[PDB]
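Protein chains in written order, with the deposited numbering: chain A, 27 to 50; chain B, 261 to 300; chain C, 550 to 599.
Note that CB positions come from ideal geometry on N, CA and C, so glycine has one too.
Here the structure comes first, spelled out in C-alpha cells, and everything after it is commentary.
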Amino acid sequence: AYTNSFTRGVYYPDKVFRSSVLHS
Amino acid sequence: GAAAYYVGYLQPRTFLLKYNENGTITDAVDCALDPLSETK
Amino acid sequence: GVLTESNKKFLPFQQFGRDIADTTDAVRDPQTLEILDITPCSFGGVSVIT
Ligand SMILES: *[C@@H]1O[C@H](CO)[C@@H](O)[C@H](O)[C@H]1NC(C)=O
Numbered sequence: 027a028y029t030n031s032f033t034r035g036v037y038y039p040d041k042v043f044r045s046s047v048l049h050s
Numbered sequence: 261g262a263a264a265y266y267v268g269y270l271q272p273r274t275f276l277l278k279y280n281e282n283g284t285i286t287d288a289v290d291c292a293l294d295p296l297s298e299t300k
Numbered sequence: 550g551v552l553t554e555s556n557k558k559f560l561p562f563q564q565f566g567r568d569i570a571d572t573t574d575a576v577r578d579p580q581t582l583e584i585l586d587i588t589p590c591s592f593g594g595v596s597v598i599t
C-alpha cells in the first residue's frame, strides 16, 4: 500500500535545549 | 478493536527545524525534498 | 560565570540548554533537578583619556 506522509517524522535528535532559534 | 497502522522509514538527511520560544518543535523543512527546500 | 535560576521552560528529557556557538546557556543540577541559566562573567573594555 501507498500513502503520503505529510509532515510527521520530526523529533529531537539530541538532549540539548535550544530556544527561539533556527537550526539545521 | 480493528486497527490500522502505517510504516515509514528514516533516512540520514539534514533537516532545518525552527526551535521556537517554547523549547519545542513547531515546523521543519527537509534539505532534499525539492529544489526550493535547498535554498531554505 | 554567574548562576541565575533559569526562568525559561524545559522538557523532562532535557538536561542542559545552549543558545549558539557552543555557548551553553542553561544546565540542570544532576542531583536535585533544578534549572539554571549560566551567564559568562561580566566583562568589557578599558580605555583611557590622556
Ligand atoms: C509556550 O510559549 C508561549 C509564548 O512564549 C506561552 O504562551 C505558552 O504558555 C508556552 N507553553 C506552552 C505553549 O505549553
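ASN282(B) at chain C interface by Cβ criterion, 8 Å: Within the second sequence, residue 282(B) is the residue found at index 22, counting from 1. Yes, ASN282(B) counts as interfacial toward chain C.
Would you call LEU582(C) buried or exposed, if buried means 16 or more other Cβ atoms sit within 10 Å of its Cβ? Locating residue 582(C) in the third sequence gives position 33, counting from the first residue. Per the 10 Å Cβ criterion, exposed.
Tell me, please, which residues DSSP counts as bridged to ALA575(C). Along the third sequence, read from residue 1 onward, the residue named residue 575(C) stands at position 26. Answer is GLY566(C), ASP586(C).
Segment limits, beta strand (DSSP E) that includes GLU554(C): Here residue 554(C) refers to the residue found at position 5 when the third sequence is read from its first residue. From DSSP, the beta strand (DSSP E) with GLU554(C) extends over 551 to 554.
Pocket of ligand 2 defined by Cβ to heavy atom distance under 7 Å: No copy of ligand 2 occurs in the structure displayed; its ligands are ligand 1 alone.
Spatially closest choice to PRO561(C) from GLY283(B), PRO295(B), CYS291(B), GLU298(B), by CA coordinates: In the third sequence, residue 561(C) corresponds to position 12, counting from 1. Measuring from the Cα of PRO561(C), the nearest candidate turns out to be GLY283(B).
Whose C-alpha, out of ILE598(C), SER596(C), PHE592(C), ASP586(C), is nearest the C-alpha of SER45(A)? If you number the first sequence from 1, residue 45(A) lands on position 19. Answer by Cα proximity: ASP586(C).
Helix, strand or coil: how does DSSP classify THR286(B) here? Taking the first residue of the second sequence as 1, we reach residue 286(B) at position 26. The answer is strand: DSSP assigns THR286(B) an E or B state.
To be precise: take each residue of the stretch 563 to 583 of chain C, compare its Cβ to all Cβ atoms of chain B, and keep it if any distance is under 8 Å. Which residues remain? From the stretch 563 to 583 of chain C, only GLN563, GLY566 have a Cβ closer than 8 Å to chain B.
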